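S.K.: before I ask anything, here's the sequence and the deposited coordinates:
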Amino acid sequence: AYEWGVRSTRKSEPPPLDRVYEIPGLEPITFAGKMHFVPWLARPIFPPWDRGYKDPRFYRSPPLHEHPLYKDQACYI
Amino acid sequence: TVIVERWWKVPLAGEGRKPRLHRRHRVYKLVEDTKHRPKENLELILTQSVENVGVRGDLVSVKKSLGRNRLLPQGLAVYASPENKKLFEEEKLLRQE
Amino acid sequence: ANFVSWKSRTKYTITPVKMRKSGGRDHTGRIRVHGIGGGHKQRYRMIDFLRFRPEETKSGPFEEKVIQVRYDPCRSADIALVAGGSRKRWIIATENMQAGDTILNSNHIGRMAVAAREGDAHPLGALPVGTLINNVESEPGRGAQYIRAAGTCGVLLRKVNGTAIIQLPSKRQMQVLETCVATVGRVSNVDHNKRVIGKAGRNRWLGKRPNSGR
Amino acid sequence: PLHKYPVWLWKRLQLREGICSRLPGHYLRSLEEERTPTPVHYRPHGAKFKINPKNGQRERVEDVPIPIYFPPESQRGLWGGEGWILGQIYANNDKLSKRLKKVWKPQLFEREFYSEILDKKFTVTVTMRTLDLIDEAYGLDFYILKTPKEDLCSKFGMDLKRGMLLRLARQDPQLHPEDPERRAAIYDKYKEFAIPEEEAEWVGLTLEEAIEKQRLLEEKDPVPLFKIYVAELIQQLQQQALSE
Amino acid sequence: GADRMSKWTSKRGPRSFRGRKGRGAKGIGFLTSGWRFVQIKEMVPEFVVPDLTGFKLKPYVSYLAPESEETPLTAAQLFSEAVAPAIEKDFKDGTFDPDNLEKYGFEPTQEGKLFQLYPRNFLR
RNA sequence: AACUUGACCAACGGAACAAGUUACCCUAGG
RNA sequence: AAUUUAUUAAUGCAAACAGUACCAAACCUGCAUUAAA
RNA sequence: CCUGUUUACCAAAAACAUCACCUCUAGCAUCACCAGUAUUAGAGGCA
RNA sequence: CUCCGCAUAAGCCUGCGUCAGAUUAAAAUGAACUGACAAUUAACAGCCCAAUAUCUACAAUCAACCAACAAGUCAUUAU
RNA sequence: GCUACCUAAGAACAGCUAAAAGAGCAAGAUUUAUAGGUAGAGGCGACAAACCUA
RNA sequence: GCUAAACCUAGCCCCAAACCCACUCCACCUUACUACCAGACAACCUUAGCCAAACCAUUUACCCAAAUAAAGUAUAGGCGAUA
Ligand SMILES: [K+]
Ligand SMILES: [Mg+2]
């Protein structure tokens, strides 16, 4: 079955993580402390960020199922 | 492992000095390729029964491909280290006792 | 800005999609295929080539009604808007496909050869031996990639041990599993070849610029 | 005009200034050392002296290593010292013939290796030489610990050494949590390589990684002068009270 | 032919360039749909002007004034004049204890203050 | 092994080993 | 025209790999062989 | 053997392009060809 | 005489406004050169938009009739 | 930023025969503004071996 | 008699010795010098041709830590040039 959306237009897959993460008991030295990217240090893993307050112009709505009015039975409008 | 040698001689650098290499010293000739050589057996001490050598604790000269792929990862065999040889030797002695 | 393919839509729709011409250039911006350039603006109609694609909740064979048969600028064959259940899609139109007709798409192989009806889609194994077929897929569920041009039709020569042998329009034998869906009949616009371009200018309208080898 | 120091010494001068100077002395030595890697792509001369056949005279002979190019991919894997050989050859092995550019690449394979100290399985790219080297060392953990940095020629390999070395130095209970007896057995087998935890931390780090690690250690918030002055005033008051 | 040396400003370039570039004025709001500008009152700087009635200081100083030596203020001098007296009294009375630095005006952190010294969050 | 031998290298004092074409021509002085 | 096949494809060998006496996946690397440009 | 560009221009001529015509290669999809599938696509010749 | 002209866009960047000049054009009033002073004020224009899913087969041409082919700039709903 | 080709999204074209629309006289294989792409072992070329800021 | 002529400083050169640089405020990788929104592009890979061989086809040079000497010696090289 032909799938729609060519690979070239889809977001590039994440780069391969540094192998220092694989090694147990080792803390990869990253550029998070520098506050900018450098090619010679490992890429940091950042925890998901939340604004912590309401900003109408940058609002994100919850998942559709979580909506209070979500119903399992569809309605045709 | 490709092994090469230089066509042109390199003049002696002297004690505590590194040779000065000119453009001619980059020309090489292929002395030998290690892959094109008869394979050698890998000595292993078996820790479990195997169709070829059921005898546990028996030194075997299995093919390197077979030993690496199956015997060593699965724990059927262990390397023929001096330390390992002593440990199994005692079992062969204790069993007779 | 570097070349970005227009083929970025991920969700199927019957709405014509705006296309971007390439001019014979690849992503590097260098000409790869010569003689391609300009022409009339064209919108893409997402043609569904997996004839047997039941709706999300529903399963098994289903029927569709031919709402419309119309010209397609992106291909030689004509296309048909078919409505089944609550879903519409674009398919390739057979020689005698007409508005209002009902067509059947089934993935069931009967004990014998079911009657051949133009525009229906059954598994090759179910289709009678020696029937004109179109829009055949190489693998079960891959989707029709062959016999898709106007007026083209392959024949089902024989079925042997769970496989089917079909003659492609180039008179070449092709062997596929018997669970491969296909469409009975010839493709629309059987008289496509007869048409004469007549005027050099018409070639430019079709997006084909002069190509001088030397 | 002339520079005070030769330009080739400027790098060493950098290590005497700023953050680089504050790096541990043991780590700095590793950078200064210039050990010769084991011959891989050439055959070394057996002795210091040889008898010249042409004139029958004893003449000094020196080993000149072949320049090896290590692509970035090799740093992820373990190639056992092998690398690309970028040079030239004579067509049909004839000096009179045109000189042609030539590259000799190693044969790479994907293999699975299990580290007893780390108790993990790794998928790494290796050559046949790496497999042979592991056999002569009786296991990956021995090969990684035994081999020096110049021989390993791999950033991943030096990263593994820090992992294994830190576990031995820290006596980490995380290895085989349910079986303390098994944990002790593995640690006993590698006791020789156990080095202090302080030194083990800086094993295999690059200069950039070491500088960043030292920057984080040094990084501290400035102390408010309110706290500093309070300590001085209280000390002055106490001394004044003592004199009284 | 283009003038490289001259200062780049919003007067130059086509309509898109001229609109986007400004002259350094601080924004006081945002743009909504339809290019409607919404002005945020808080963003607008509020001028805090005092009451000058009955104020004796004037733009200039009389020339008949005793010249004095210039002594720039320092952190130590401020501590000796604003914080040292309170600690000195408490130390004699024994009430003073390190844990209670805040009693003399020490701020462990700037968080939660309207005017935070570092990072400075207030205008001159 | 030695003693020795070998290019019509004939453009014959012999470059170890290489042609056409340019009326699209490029450079050089006479 | 001579020089060359570094280069690109094609094939062979070795290399790697597995299974029920006898044979096995392309890729990859090394070495050959004609071609291509 | 249709018309179109080209130097020239009233222009002629030739060249190239090109409708038609002819042979040649190709049984297939997620960056060109092409979101196409031999009534297709590409490469040539065409007096 | 009109060959244009006015405006916008693009470009340009104060480049015939006032005052003064010993500077300048063939021209010791003019001045586009020099010094000083002044100036173009937003309604036009630029500068835009919360999220997630979902919707979008029917050209344009006075769009009606008769037609086509090279098959087309123009649209949502739910929370 | 010239020019050649191409991409995106624009724009222009009086009258006359006027069925047919067509460089007919005077709506096209036309012209044209904007932004972008293809770079010298190359690009582009209805191929002059031309053009790619002389 | 005009046009002109004349000038002595600005600095500069080569050495020696010493290892240099740089956060008033504000602005500056977007169309730099532009107060203020969900990133993700990431660096590493033989210098080449050619001075010459009176052509050119292998062949010559530009770095690796002490002035001098060993020594233009050993040695390499169409064993030629030359190194
Ligand atoms: K101007
Ligand atoms: Mg407005």
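M.R.: Arrived safely. Numbers count the residues shown, from 1 in each chain, chains lettered A, B, ... in the order given. Ligands and ions are numbered 1, 2, ... in the order given.
S.K.: check which helices and strands the strand or helix carrying residue C:175 sits against.
M.R.: Using DSSP states H and E, residue C:175 sits in strand C:173-177. Identification of packing neighbours for strand C:173-177 by 3 or more C-beta pairs under 8 Å, 6 or more residues apart in numbering or on different chains; DSSP states H and E yields strand C:163-167. C-beta here means a position set from N, CA and C on the backbone, and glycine is covered the same way.
S.K.: tell me which strands and helices the strand it packs on is in contact with?
M.R.: Packed next to strand C:163-167, using 3+ C-beta pairs under 8 Å, 6+ apart, are strand C:154-160, strand C:173-177.
S.K.: repeat the analysis, applying 10 Å as the threshold.
M.R.: Contacts defined by 3 or more C-beta pairs under 10 Å, 6 or more residues apart in numbering or on different chains; DSSP states H and E place strand C:163-167 against strand C:132-134, strand C:154-160, strand C:173-177.
S.K.: before we move on, the earlier item: is the strand holding residue C:175 positioned near RNA strand H?
M.R.: Yes - counting by C-beta under 7 Å from any atom of the strand, RNA strand H is contacted by strand C:173-177 at residue C:174.
S.K.: in chain B, where's the longest helix?
M.R.: Longest helix in chain B by number of residues, with DSSP state H as the criterion: helix B:82-96.
S.K.: need the contact list for the closest residue to residue D:224 other than its chain neighbours.
M.R.: Spatial nearest neighbour of residue D:224, chain neighbours left out: residue E:106 (7.4 Å); criterion: C-beta to C-beta, 6 or more residues apart in numbering or on different chains. Residues near residue E:106 by C-beta atoms under 10 Å, 6 or more residues apart in numbering or on different chains: D:224, D:226-227, D:230, E:83, E:100.
S.K.: sec struct for residue E:106, please.
M.R.: Put simply, residue E:106 is coil when judged by DSSP: H, G, I helix; E, B strand; the rest coil.
S.K.: quick check: the gap between the spatially most central residue of chain C and residue C:138.
M.R.: Centroid-nearest residue in chain C: residue C:148, 4.1 Å away (criterion: C-alpha atoms, centre = their mean). As for residue C:148, its distance to residue C:138 is 13 Å (criterion: C-beta to C-beta, to the nearest Å).
S.K.: and for residue C:193?
M.R.: Taking C-beta to C-beta, one finds residue C:193 at 26 Å from residue C:138.
S.K.: over to residue D:51?
M.R.: In terms of C-beta to C-beta, residue D:51 sits 72 Å off from residue C:138.
S.K.: again, but for residue B:7
M.R.: Taking C-beta to C-beta, one finds residue B:7 at 55 Å from residue C:138.
S.K.: likewise for residue D:234?
M.R.: In terms of C-beta to C-beta, residue D:234 sits 89 Å off from residue C:138.
S.K.: what of residue A:14?
M.R.: From residue A:14 to residue C:138 the distance is 33 Å (C-beta to C-beta).
S.K.: which of those two has more neighbours?
M.R.: Remark: of residue A:14 and residue C:138, residue C:138 carries more neighbours, 14 against 7, as counted by other C-beta atoms under 10 Å in any protein chain shown.
S.K.: ok but that one is inside a strand, no?
M.R.: No - Residue C:138: not assigned to a strand; according to three-state DSSP it is coil.
S.K.: excluding chain neighbours, what is closest to the residue nearest to the centre of chain C?
M.R.: Nearest non-adjacent residue to residue C:148 (C-beta to C-beta, 6+ apart): residue C:135, at 5.8 Å.
S.K.: hmm, the one you found is touching residue C:166, no?
M.R.: No - taking C-beta atoms under 10 Å as the definition, residue C:135 is not a contact partner of residue C:166, at 11.6 Å.
S.K.: overlap in contacts of those two?
M.R.: Shared contacts of residue C:135 and residue C:166, defined by C-beta under 10 Å, 6+ apart, comprise C:146-147, C:154, C:182.
S.K.: now do the strands in chain E.
M.R.: Using DSSP state E, the strands of chain E run over residues E:29-31, E:37-39.
S.K.: apologies, that question was intended for chain C.
M.R.: C:17-18, C:43-44, C:62-70, C:79-84, C:87-92, C:102-105, C:121-123, C:132-134, C:154-160, C:163-167, C:173-177, C:181-184.
S.K.: repeat that for chain B.
M.R.: Applying DSSP E to chain B gives strands spanning B:2-6, B:28-33, B:42-46, B:59-62, B:77-79.
S.K.: out of these, which comes closest to residue C:127?
M.R.: strand B:59-62 (56.8 Å; C-beta to C-beta).
S.K.: rewinding a little: got the CA coordinates for the strand holding residue C:175 in CSV?
M.R.: Output in CSV follows, covering the C-alpha atoms of strand C:173-177 (Å, rounded to 0.1, in the frame of the first residue of the first chain):
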residue,chain,number,x,y,z
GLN,C,173,5.1,-13.1,-18.4
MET,C,174,4.8,-12.1,-14.8
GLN,C,175,4.3,-14.5,-11.8
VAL,C,176,2.6,-13.3,-8.6
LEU,C,177,0.8,-14.9,-5.7
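S.K.: okay, the angle between it and strand C:163-167?
M.R.: Taking axes from the mean of the first three to the mean of the last three C-alpha atoms, to 10 degrees, strand C:173-177 and strand C:163-167 form an angle of 150 degrees between their directions.
S.K.: contacts for strand C:173-177, please.
M.R.: Strand C:173-177 has contacts (C-beta under 10 Å, 6+ apart) with C:123-125, C:136-140, C:142, C:146-147, C:154, C:157-158, C:160, C:162-168, C:182.
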